[PDB]
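One file, structure.tsv, carrying TSV, C-alpha atoms and all ligand atoms:
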```tsv
chain	number	residue	atom	x	y	z
A	439	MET	CA	113.80	46.21	-179.74
A	440	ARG	CA	111.07	46.23	-182.39
A	441	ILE	CA	111.49	42.77	-183.89
A	442	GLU	CA	112.58	41.17	-180.62
A	443	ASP	CA	109.07	41.94	-179.44
A	444	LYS	CA	107.92	39.59	-182.20
A	445	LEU	CA	110.75	37.09	-181.71
A	446	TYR	CA	109.52	36.71	-178.14
A	447	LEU	CA	106.34	35.16	-179.56
A	448	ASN	CA	108.29	32.32	-181.15
A	449	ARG	CA	109.41	29.27	-179.21
A	450	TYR	CA	113.11	28.52	-179.04
A	451	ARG	CA	115.39	25.95	-177.56
A	452	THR	CA	118.58	27.98	-177.67
A	453	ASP	CA	121.94	26.23	-178.02
A	454	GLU	CA	124.15	28.96	-176.59
A	455	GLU	CA	127.33	26.90	-176.42
A	456	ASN	CA	127.04	26.05	-180.15
A	457	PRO	CA	126.56	29.15	-182.32
A	458	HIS	CA	125.36	27.89	-185.70
A	459	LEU	CA	126.08	31.26	-187.38
A	460	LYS	CA	129.81	31.90	-187.52
A	461	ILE	CA	131.40	34.55	-189.72
A	462	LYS	CA	134.41	33.09	-191.50
A	463	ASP	CA	136.34	36.36	-191.87
A	464	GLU	CA	135.48	39.52	-189.95
A	465	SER	CA	137.72	41.64	-192.19
A	466	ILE	CA	135.55	41.00	-195.26
A	467	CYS	CA	132.66	42.56	-193.32
A	468	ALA	CA	134.71	45.70	-192.56
A	469	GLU	CA	136.33	46.80	-195.83
A	470	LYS	CA	135.29	44.37	-198.58
A	471	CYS	CA	131.50	44.67	-197.99
A	472	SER	CA	129.76	47.98	-198.82
A	473	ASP	CA	126.08	47.66	-197.90
A	474	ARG	CA	126.10	44.66	-195.48
A	475	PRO	CA	123.16	42.69	-196.93
A	476	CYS	CA	123.26	40.26	-193.97
A	477	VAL	CA	122.03	43.10	-191.73
A	478	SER	CA	119.46	44.63	-194.07
A	479	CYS	CA	117.93	41.31	-195.18
A	480	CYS	CA	117.84	39.36	-191.89
A	481	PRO	CA	114.17	38.80	-190.86
A	482	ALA	CA	115.18	38.40	-187.20
A	483	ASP	CA	117.75	41.23	-186.77
A	484	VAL	CA	120.46	38.70	-185.95
A	485	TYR	CA	123.29	40.64	-187.57
A	486	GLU	CA	124.18	44.12	-186.38
A	487	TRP	CA	127.33	45.81	-187.65
A	488	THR	CA	128.98	47.67	-184.80
A	489	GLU	CA	132.46	49.15	-185.02
A	490	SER	CA	133.55	46.40	-182.61
A	491	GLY	CA	132.85	43.86	-185.37
A	492	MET	CA	129.68	42.04	-186.34
A	493	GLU	CA	127.30	41.21	-183.50
A	494	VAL	CA	125.66	37.90	-184.44
A	495	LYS	CA	122.68	37.36	-182.13
A	496	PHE	CA	122.23	33.76	-183.25
A	497	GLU	CA	119.67	33.03	-180.52
A	498	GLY	CA	116.87	34.64	-182.55
A	499	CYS	CA	117.79	32.95	-185.83
A	500	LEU	CA	114.68	31.69	-187.66
A	501	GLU	CA	116.88	29.26	-189.67
A	502	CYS	CA	115.57	30.66	-192.98
A	503	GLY	CA	119.00	30.77	-194.62
A	504	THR	CA	118.85	34.23	-196.19
A	505	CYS	CA	122.12	35.46	-194.60
A	506	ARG	CA	124.19	32.65	-196.15
A	507	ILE	CA	122.70	33.33	-199.58
A	508	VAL	CA	122.48	37.13	-199.57
A	509	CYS	CA	126.14	37.41	-198.42
A	510	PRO	CA	128.13	38.10	-201.65
A	511	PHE	CA	131.46	36.86	-200.29
A	512	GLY	CA	130.37	33.59	-198.71
A	513	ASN	CA	131.85	34.38	-195.29
A	514	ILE	CA	128.95	33.14	-193.21
A	515	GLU	CA	129.55	29.66	-191.85
A	516	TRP	CA	125.86	28.84	-191.80
A	517	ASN	CA	124.55	25.69	-190.18
A	518	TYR	CA	121.22	24.64	-188.89
A	519	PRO	CA	121.15	24.31	-185.11
A	520	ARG	CA	121.34	20.78	-183.76
A	521	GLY	CA	118.34	18.52	-183.42
A	522	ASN	CA	115.80	19.80	-180.88
A	523	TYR	CA	117.32	23.28	-181.03
A	524	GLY	CA	116.67	26.63	-182.68
A	525	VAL	CA	113.17	27.81	-183.60
A	526	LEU	CA	110.39	25.44	-182.61
A	527	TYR	CA	107.44	26.66	-184.62
A	528	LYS	CA	104.12	26.03	-182.92
A	529	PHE	CA	101.33	26.16	-185.56
A	530	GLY	CA	103.91	26.98	-188.21
B	439	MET	CA	48.72	30.59	-203.67
B	440	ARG	CA	52.48	30.94	-204.08
B	441	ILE	CA	52.80	34.66	-204.75
B	442	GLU	CA	49.85	35.60	-202.54
B	443	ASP	CA	51.99	34.34	-199.69
B	444	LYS	CA	54.40	37.14	-200.62
B	445	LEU	CA	51.67	39.67	-201.41
B	446	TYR	CA	50.48	39.19	-197.83
B	447	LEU	CA	53.75	40.77	-196.70
B	448	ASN	CA	52.94	44.03	-198.48
B	449	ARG	CA	50.67	46.66	-197.00
B	450	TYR	CA	47.56	47.62	-198.92
B	451	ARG	CA	44.67	49.98	-198.61
B	452	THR	CA	42.35	48.25	-201.04
B	453	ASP	CA	39.75	50.27	-202.94
B	454	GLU	CA	37.33	47.46	-203.75
B	455	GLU	CA	34.54	49.67	-205.09
B	456	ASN	CA	36.95	51.27	-207.61
B	457	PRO	CA	38.86	48.69	-209.66
B	458	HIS	CA	41.75	50.55	-211.27
B	459	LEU	CA	42.43	47.69	-213.72
B	460	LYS	CA	39.59	47.35	-216.20
B	461	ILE	CA	39.84	45.37	-219.42
B	462	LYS	CA	38.40	47.39	-222.29
B	463	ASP	CA	37.32	44.43	-224.43
B	464	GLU	CA	37.08	40.87	-223.11
B	465	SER	CA	36.79	39.45	-226.64
B	466	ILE	CA	40.31	40.57	-227.56
B	467	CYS	CA	41.57	38.43	-224.67
B	468	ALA	CA	39.71	35.36	-225.99
B	469	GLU	CA	40.46	35.10	-229.72
B	470	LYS	CA	42.76	37.98	-230.69
B	471	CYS	CA	45.45	37.28	-228.03
B	472	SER	CA	47.57	34.11	-228.34
B	473	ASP	CA	49.93	33.96	-225.35
B	474	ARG	CA	48.24	36.37	-222.85
B	475	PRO	CA	51.31	38.39	-221.78
B	476	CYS	CA	49.28	40.13	-219.04
B	477	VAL	CA	49.12	36.79	-217.18
B	478	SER	CA	52.68	35.62	-217.78
B	479	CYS	CA	54.33	38.97	-217.00
B	480	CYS	CA	52.29	40.16	-214.00
B	481	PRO	CA	54.56	40.22	-210.88
B	482	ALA	CA	51.52	39.90	-208.58
B	483	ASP	CA	49.42	37.23	-210.40
B	484	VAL	CA	46.59	39.72	-210.85
B	485	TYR	CA	45.45	38.39	-214.21
B	486	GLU	CA	44.27	34.80	-214.57
B	487	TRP	CA	42.65	33.66	-217.80
B	488	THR	CA	39.76	31.36	-216.99
B	489	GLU	CA	37.23	30.21	-219.57
B	490	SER	CA	34.71	32.45	-217.77
B	491	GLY	CA	36.74	35.47	-218.93
B	492	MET	CA	39.72	37.22	-217.39
B	493	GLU	CA	39.85	37.25	-213.60
B	494	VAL	CA	41.48	40.55	-212.63
B	495	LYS	CA	42.43	40.36	-208.94
B	496	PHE	CA	43.20	44.08	-208.76
B	497	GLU	CA	43.55	44.02	-204.97
B	498	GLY	CA	47.12	42.69	-205.20
B	499	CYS	CA	48.23	45.11	-207.92
B	500	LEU	CA	51.71	46.49	-207.19
B	501	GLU	CA	50.99	49.45	-209.54
B	502	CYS	CA	54.12	48.71	-211.61
B	503	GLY	CA	52.38	49.20	-214.95
B	504	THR	CA	53.69	46.16	-216.82
B	505	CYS	CA	50.22	44.85	-217.82
B	506	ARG	CA	49.30	48.07	-219.65
B	507	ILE	CA	52.59	48.04	-221.54
B	508	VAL	CA	53.03	44.32	-222.22
B	509	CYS	CA	49.45	44.07	-223.58
B	510	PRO	CA	49.85	44.23	-227.42
B	511	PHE	CA	46.29	45.38	-228.10
B	512	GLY	CA	45.98	48.16	-225.53
B	513	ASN	CA	42.80	46.76	-223.95
B	514	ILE	CA	43.78	47.31	-220.34
B	515	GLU	CA	42.23	50.45	-218.91
B	516	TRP	CA	45.08	50.97	-216.47
B	517	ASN	CA	44.93	53.60	-213.77
B	518	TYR	CA	46.72	54.10	-210.56
B	519	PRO	CA	44.49	53.61	-207.53
B	520	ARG	CA	43.27	56.77	-205.84
B	521	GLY	CA	45.29	58.68	-203.30
B	522	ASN	CA	45.89	56.70	-200.08
B	523	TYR	CA	45.02	53.46	-201.87
B	524	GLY	CA	46.77	50.50	-203.46
B	525	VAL	CA	50.20	49.30	-202.33
B	526	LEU	CA	51.64	51.19	-199.39
B	527	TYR	CA	55.30	50.22	-199.43
B	528	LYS	CA	56.87	50.23	-195.99
B	529	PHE	CA	60.69	50.47	-196.38
B	530	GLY	CA	60.28	50.42	-200.15
C	147	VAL	CA	123.35	8.84	-192.66
C	148	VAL	CA	125.51	10.30	-189.89
C	149	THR	CA	123.79	12.58	-187.40
C	150	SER	CA	124.64	15.11	-184.71
C	151	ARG	CA	123.83	12.48	-182.08
C	152	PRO	CA	126.76	10.77	-180.25
C	153	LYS	CA	126.35	7.18	-181.48
C	154	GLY	CA	124.41	8.33	-184.53
C	155	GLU	CA	125.12	6.41	-187.72
C	156	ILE	CA	122.05	5.10	-189.54
C	157	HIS	CA	122.71	2.52	-192.26
C	158	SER	CA	120.38	2.35	-195.24
C	159	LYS	CA	120.30	1.07	-198.80
C	160	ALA	CA	119.05	4.47	-200.00
C	161	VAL	CA	118.83	8.01	-198.65
C	162	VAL	CA	116.08	10.46	-199.62
C	163	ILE	CA	117.23	14.07	-199.24
C	164	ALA	CA	113.83	15.65	-198.65
C	165	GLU	CA	115.25	18.48	-196.54
C	166	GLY	CA	113.73	21.44	-198.32
C	167	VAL	CA	115.39	24.72	-199.25
C	168	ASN	CA	118.88	25.59	-197.86
C	169	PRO	CA	120.44	22.66	-199.78
C	170	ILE	CA	123.14	21.99	-197.21
C	171	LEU	CA	122.76	18.23	-197.27
C	172	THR	CA	122.25	18.16	-201.04
C	173	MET	CA	125.70	19.68	-201.57
C	174	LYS	CA	127.26	16.96	-199.39
C	175	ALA	CA	125.87	14.29	-201.75
C	176	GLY	CA	127.62	15.79	-204.78
C	177	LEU	CA	124.41	17.24	-206.21
C	178	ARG	CA	123.94	21.05	-206.18
C	179	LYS	CA	127.42	21.88	-207.49
C	180	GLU	CA	127.00	25.44	-206.16
C	181	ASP	CA	124.94	27.02	-203.40
C	182	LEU	CA	121.72	28.93	-203.94
C	183	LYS	CA	122.25	32.34	-205.44
C	184	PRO	CA	119.90	35.09	-204.21
C	185	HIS	CA	117.70	34.92	-207.31
C	186	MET	CA	116.67	31.28	-206.96
C	187	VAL	CA	115.00	32.02	-203.61
C	188	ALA	CA	112.43	34.37	-202.14
C	189	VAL	CA	112.40	35.61	-198.55
C	190	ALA	CA	108.95	34.82	-197.20
C	191	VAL	CA	108.00	36.41	-193.89
C	192	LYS	CA	104.77	35.19	-192.29
C	193	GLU	CA	102.71	36.07	-189.22
C	194	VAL	CA	100.08	33.87	-187.61
C	195	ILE	CA	97.60	36.29	-186.03
C	196	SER	CA	95.01	35.21	-183.46
C	197	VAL	CA	91.65	36.35	-184.84
C	198	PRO	CA	88.84	34.82	-182.77
C	199	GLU	CA	86.92	32.50	-185.09
C	200	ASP	CA	84.05	34.89	-185.91
C	201	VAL	CA	85.93	37.88	-187.26
C	202	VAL	CA	87.52	35.28	-189.56
C	203	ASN	CA	83.99	34.43	-190.69
C	204	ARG	CA	83.14	38.11	-191.12
C	205	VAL	CA	86.20	39.46	-192.95
C	206	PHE	CA	86.43	36.49	-195.33
C	207	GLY	CA	82.69	36.13	-195.96
C	208	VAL	CA	82.60	32.48	-194.87
C	209	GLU	CA	81.15	30.33	-192.09
C	210	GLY	CA	81.80	27.04	-190.34
C	211	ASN	CA	85.11	25.44	-191.40
C	212	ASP	CA	84.95	26.99	-194.86
C	213	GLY	CA	87.95	29.08	-195.72
C	214	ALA	CA	89.08	31.85	-198.02
C	215	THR	CA	92.51	32.76	-199.35
C	216	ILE	CA	93.59	36.27	-200.21
C	217	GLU	CA	96.52	36.96	-202.53
C	218	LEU	CA	97.74	40.50	-202.05
C	219	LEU	CA	99.42	42.59	-204.72
D	147	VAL	CA	46.14	70.45	-211.35
D	148	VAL	CA	42.86	68.60	-210.82
D	149	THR	CA	42.91	65.72	-208.36
D	150	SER	CA	40.81	62.74	-207.34
D	151	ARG	CA	39.67	64.68	-204.26
D	152	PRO	CA	36.12	66.16	-204.24
D	153	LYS	CA	36.93	69.90	-204.17
D	154	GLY	CA	40.38	69.29	-205.61
D	155	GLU	CA	41.59	71.89	-208.08
D	156	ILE	CA	45.03	73.34	-207.36
D	157	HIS	CA	45.95	76.47	-209.30
D	158	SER	CA	49.58	77.12	-210.16
D	159	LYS	CA	51.69	79.11	-212.58
D	160	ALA	CA	53.66	75.97	-213.49
D	161	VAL	CA	53.27	72.22	-213.08
D	162	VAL	CA	56.23	69.84	-212.71
D	163	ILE	CA	55.35	66.33	-213.88
D	164	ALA	CA	57.81	64.42	-211.71
D	165	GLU	CA	55.62	61.31	-211.54
D	166	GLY	CA	58.12	58.69	-212.65
D	167	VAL	CA	57.59	55.82	-215.06
D	168	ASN	CA	54.04	54.93	-216.26
D	169	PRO	CA	53.74	58.30	-218.06
D	170	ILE	CA	49.99	58.60	-217.55
D	171	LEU	CA	50.06	62.26	-216.57
D	172	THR	CA	52.72	63.09	-219.14
D	173	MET	CA	50.40	61.98	-221.95
D	174	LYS	CA	47.65	64.28	-220.62
D	175	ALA	CA	49.98	67.27	-221.03
D	176	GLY	CA	50.52	66.59	-224.74
D	177	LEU	CA	54.04	65.26	-224.23
D	178	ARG	CA	54.66	61.50	-224.74
D	179	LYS	CA	52.74	61.23	-228.02
D	180	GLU	CA	52.54	57.45	-227.51
D	181	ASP	CA	52.63	55.16	-224.48
D	182	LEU	CA	55.67	53.19	-223.38
D	183	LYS	CA	56.39	50.22	-225.57
D	184	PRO	CA	57.73	47.11	-223.81
D	185	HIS	CA	61.32	47.78	-224.85
D	186	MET	CA	61.67	51.18	-223.17
D	187	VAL	CA	61.04	49.62	-219.75
D	188	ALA	CA	62.39	46.82	-217.58
D	189	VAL	CA	60.34	44.85	-215.06
D	190	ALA	CA	62.23	45.08	-211.78
D	191	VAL	CA	61.11	42.75	-209.00
D	192	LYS	CA	62.64	43.36	-205.57
D	193	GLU	CA	62.50	41.69	-202.16
D	194	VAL	CA	63.47	43.30	-198.86
D	195	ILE	CA	64.68	40.43	-196.68
D	196	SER	CA	65.13	40.74	-192.91
D	197	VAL	CA	68.72	39.68	-192.21
D	198	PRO	CA	69.60	40.52	-188.60
D	199	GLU	CA	72.35	43.14	-188.74
D	200	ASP	CA	75.30	40.78	-188.16
D	201	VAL	CA	74.83	38.29	-190.97
D	202	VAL	CA	74.76	41.44	-193.13
D	203	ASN	CA	78.18	42.24	-191.71
D	204	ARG	CA	79.39	38.69	-192.32
D	205	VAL	CA	78.14	37.99	-195.86
D	206	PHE	CA	79.17	41.41	-197.19
D	207	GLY	CA	82.50	41.63	-195.36
D	208	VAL	CA	81.66	44.94	-193.68
D	209	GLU	CA	80.99	46.33	-190.20
D	210	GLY	CA	79.18	49.21	-188.54
D	211	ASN	CA	77.06	51.24	-191.00
D	212	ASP	CA	79.38	50.46	-193.91
D	213	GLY	CA	77.66	48.83	-196.82
D	214	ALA	CA	78.34	46.70	-199.86
D	215	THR	CA	76.46	46.35	-203.13
D	216	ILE	CA	76.38	43.20	-205.20
D	217	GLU	CA	75.49	43.23	-208.90
D	218	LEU	CA	74.48	39.77	-210.01
D	219	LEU	CA	74.89	38.43	-213.53
E	1	LIG	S1	127.59	39.94	-196.02
E	1	LIG	FE1	129.28	38.65	-195.92
E	1	LIG	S2	130.58	40.35	-195.94
E	1	LIG	FE2	128.88	41.64	-196.03
E	1	LIG	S3	128.81	41.71	-193.90
E	1	LIG	FE3	127.52	40.01	-193.88
E	1	LIG	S4	129.22	38.72	-193.79
E	1	LIG	FE4	130.51	40.42	-193.80
E	2	LIG	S1	118.94	32.41	-190.82
E	2	LIG	FE1	117.33	33.69	-191.38
E	2	LIG	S2	117.30	34.50	-189.40
E	2	LIG	FE2	118.92	33.22	-188.85
E	2	LIG	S3	120.31	34.72	-189.45
E	2	LIG	FE3	120.34	33.91	-191.42
E	2	LIG	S4	118.73	35.19	-191.97
E	2	LIG	FE4	118.70	36.00	-190.00
E	3	LIG	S1	47.04	41.19	-223.15
E	3	LIG	FE1	45.54	42.55	-223.81
E	3	LIG	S2	44.64	40.99	-224.96
E	3	LIG	FE2	46.14	39.63	-224.30
E	3	LIG	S3	44.92	39.10	-222.63
E	3	LIG	FE3	45.82	40.66	-221.48
E	3	LIG	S4	44.31	42.02	-222.14
E	3	LIG	FE4	43.42	40.46	-223.29
E	4	LIG	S1	50.26	46.78	-212.34
E	4	LIG	FE1	51.98	45.53	-212.08
E	4	LIG	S2	50.87	44.32	-210.71
E	4	LIG	FE2	49.16	45.57	-210.98
E	4	LIG	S3	48.52	44.34	-212.60
E	4	LIG	FE3	49.62	45.55	-213.96
E	4	LIG	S4	51.33	44.30	-213.70
E	4	LIG	FE4	50.23	43.09	-212.33
```

Step by step, read the file and then write its structure as structure tokens.
Amino acid sequence: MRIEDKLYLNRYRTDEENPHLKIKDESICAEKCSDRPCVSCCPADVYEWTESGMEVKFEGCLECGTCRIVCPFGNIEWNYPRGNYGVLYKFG
Amino acid sequence: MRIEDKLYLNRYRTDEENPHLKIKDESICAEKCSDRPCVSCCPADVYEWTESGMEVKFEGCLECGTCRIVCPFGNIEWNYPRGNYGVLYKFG
Amino acid sequence: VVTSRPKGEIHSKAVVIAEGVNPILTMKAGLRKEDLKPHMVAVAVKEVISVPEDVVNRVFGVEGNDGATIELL
Amino acid sequence: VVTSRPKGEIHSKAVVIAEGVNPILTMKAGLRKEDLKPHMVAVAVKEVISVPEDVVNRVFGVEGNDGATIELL
């Protein structure tokens, strides 16, 4: 709600059929992870840990790369979106 | 010429019949004085050493008091102008 | 270079990996034997705020395509 | 207090010599046994420049009856 007000300002070409943020193992995010640093350090609120699993709202991804690096267990299959997709920064 | 452009900006009530800057001894300014610090340190160019004596243009005096103090021999009879006379600083 | 495009295969005598941080393509070339750990990088969050050309002059103390940079601690 | 006025002679039980620098009237009261030497004073020359209320806001980085002071060395 709060940061998706500011993500509305950015320009995107969303690739909804190709999620570039896949989580390799959902069970590592349930019992192996304690603090979930992918949620607390994502500048775009992409990751939200529900009890249904991890909700990865990849459409707002700013392609920074923090989630892949801050994740201690490596279970974020992180790619850039394809060419002409993802954030399209105007006056970046 | 140069500083009397800026002395024109000030407001004066000149007391021309009562010069408040008198020089006590004109001979001290001719042979006893070397550098004439009353001329070179007067913010209003009041003192000008001609060969006819010292020209004291007391009408532009800003009543600071430098001349009386910077004079090494004490031969400046320095007074303030009378009440309602001299500089009249607007937004001083 | 192979690309995400369908018939995309560019042939070259040399390849310059100038792709910035997130060394995804550097690790494919054999360089960067590990990934970035979260002490080699800094999360930098930036806003571009529309301030209409004369408040920029006033709050920075400048005028007419002269700029000022603030570093905030 | 005697003044420059014609019938000017003000009688008072005490006289406060709050007349600033150039201690002319302080020396008449017996205090200030000598005059000021030119190391006890500083010549201060000041200009008041008309700068029209919005360039003041721009060059000082302020707005709306908030002021800034520069000390120049
Ligand atoms: S960091 Fe790795 S483990 Fe912890 S939650 Fe995000 S993905 Fe699951
Ligand atoms: S890339 Fe930056 S924005 Fe997209 S998910 Fe990972 S952290 Fe959040
Ligand atoms: S300083 Fe005293 S002596 Fe030297 S010129 Fe001015 S008045 Fe004459
Ligand atoms: S008072 Fe200040 S201005 Fe008037 S003469 Fe002495 S120095 Fe020059």

Legend entry - Residue contacts of residue 194 in chain D (12 Å, all atoms listed in the file) excluding same-chain residues fewer than 3 positions away, as a list in words: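 Once the adjacent positions are removed, what remains is residues 444, 447, 448, 527, 528, 529 and 530 of chain B; 191 and 197 of chain D.
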
Closest atom pairs, residues of chain A within 10 Å of ligand LIG 2 (chain E), all atoms listed in the file, as CSV:
```
residue,atom,partner,partner_atom,distance
A:458,CA,E:LIG2,FE2,8.9
A:459,CA,E:LIG2,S3,7.0
A:476,CA,E:LIG2,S4,7.1
A:477,CA,E:LIG2,FE4,8.0
A:478,CA,E:LIG2,FE4,9.6
A:479,CA,E:LIG2,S4,7.0
A:480,CA,E:LIG2,FE4,3.9
A:481,CA,E:LIG2,FE4,5.4
A:482,CA,E:LIG2,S2,5.0
A:483,CA,E:LIG2,FE4,6.2
A:484,CA,E:LIG2,FE4,5.2
A:485,CA,E:LIG2,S3,6.9
A:494,CA,E:LIG2,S3,8.0
A:495,CA,E:LIG2,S3,8.1
A:496,CA,E:LIG2,FE2,6.5
A:497,CA,E:LIG2,FE2,8.4
A:498,CA,E:LIG2,FE2,6.8
A:499,CA,E:LIG2,FE2,3.2
A:500,CA,E:LIG2,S2,4.2
A:501,CA,E:LIG2,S1,3.9
A:502,CA,E:LIG2,FE1,3.9
A:503,CA,E:LIG2,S1,4.1
A:504,CA,E:LIG2,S4,4.3
A:505,CA,E:LIG2,FE3,4.0
A:506,CA,E:LIG2,FE3,6.2
A:507,CA,E:LIG2,FE3,8.5
A:508,CA,E:LIG2,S4,8.7
A:509,CA,E:LIG2,FE3,9.7
A:514,CA,E:LIG2,FE3,8.8
A:516,CA,E:LIG2,FE3,7.5
A:517,CA,E:LIG2,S1,8.8
A:518,CA,E:LIG2,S1,8.3
A:519,CA,E:LIG2,FE2,9.9
A:524,CA,E:LIG2,FE2,9.3
A:525,CA,E:LIG2,FE2,9.5
```

Inset, instruction - Write as a PyMOL selection string the residues around ligand LIG 1 (chain E), taking 6 Å as the cut-off and counting only C-alpha atoms and all ligand atoms. - result: chain A and resi 466-467+471+474-476+509-514

Inset, instruction - Residues of chain D near chain C: apply a cut-off of 12 Å, count all atoms listed in the file, and supply the list as an MDAnalysis selection string. - result: chainID D and resid 200:209

Where's the centre, and what are the edge lengths in Å to one decimal, of a box along x, y and z enclosing all listed atoms of range 500-511 of chain A padded 5 Å per side, as lines of an AutoDock Vina configuration file?
```
center_x = 123.1
center_y = 33.7
center_z = -194.7
size_x = 26.8
size_y = 18.8
size_z = 24.0
```

Legend entry - Neighbours of chain A in chain C at 12 Å, counting all atoms listed in the file, as an NGL selection string: :C and (149-152 or 154 or 165-171 or 180-196)

File dump, residues just selected, C-alpha atoms, as a compact mmCIF listing (two decimals), in the coordinates of the input:
```
# COMPACT_ATOMS: atom_id res chain seq x y z
CA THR C 149 123.79 12.58 -187.40
CA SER C 150 124.64 15.11 -184.71
CA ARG C 151 123.83 12.48 -182.08
CA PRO C 152 126.76 10.77 -180.25
CA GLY C 154 124.41 8.33 -184.53
CA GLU C 165 115.25 18.48 -196.54
CA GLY C 166 113.73 21.44 -198.32
CA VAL C 167 115.39 24.72 -199.25
CA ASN C 168 118.88 25.59 -197.86
CA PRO C 169 120.44 22.66 -199.78
CA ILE C 170 123.14 21.99 -197.21
CA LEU C 171 122.76 18.23 -197.27
CA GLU C 180 127.00 25.44 -206.16
CA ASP C 181 124.94 27.02 -203.40
CA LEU C 182 121.72 28.93 -203.94
CA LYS C 183 122.25 32.34 -205.44
CA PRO C 184 119.90 35.09 -204.21
CA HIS C 185 117.70 34.92 -207.31
CA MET C 186 116.67 31.28 -206.96
CA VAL C 187 115.00 32.02 -203.61
CA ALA C 188 112.43 34.37 -202.14
CA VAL C 189 112.40 35.61 -198.55
CA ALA C 190 108.95 34.82 -197.20
CA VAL C 191 108.00 36.41 -193.89
CA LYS C 192 104.77 35.19 -192.29
CA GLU C 193 102.71 36.07 -189.22
CA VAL C 194 100.08 33.87 -187.61
CA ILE C 195 97.60 36.29 -186.03
CA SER C 196 95.01 35.21 -183.46
```

Inset, instruction - Can you work out the spacing between CA of residue 492 in chain B and CA of residue 179 in chain D in Å, to one decimal? - result: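 Taking CA of residue 492 in chain B and CA of residue 179 in chain D, their separation equals 29.3 Å.
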
Can you pull out every residue within 10 Å of range 156-162 of chain C, counting only C-alpha atoms, but drop anything in the same chain fewer than 5 positions away, and send it as a tab-separated table (two decimals) with C-alpha atoms, keeping the file's coordinate frame?
```tsv
chain	number	residue	atom	x	y	z
C	147	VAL	CA	123.35	8.84	-192.66
C	148	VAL	CA	125.51	10.30	-189.89
C	149	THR	CA	123.79	12.58	-187.40
C	172	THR	CA	122.25	18.16	-201.04
C	175	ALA	CA	125.87	14.29	-201.75
```

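The coordinates place CA of residue 522 in chain B at 13.1 Å from CA of residue 454 in chain B.
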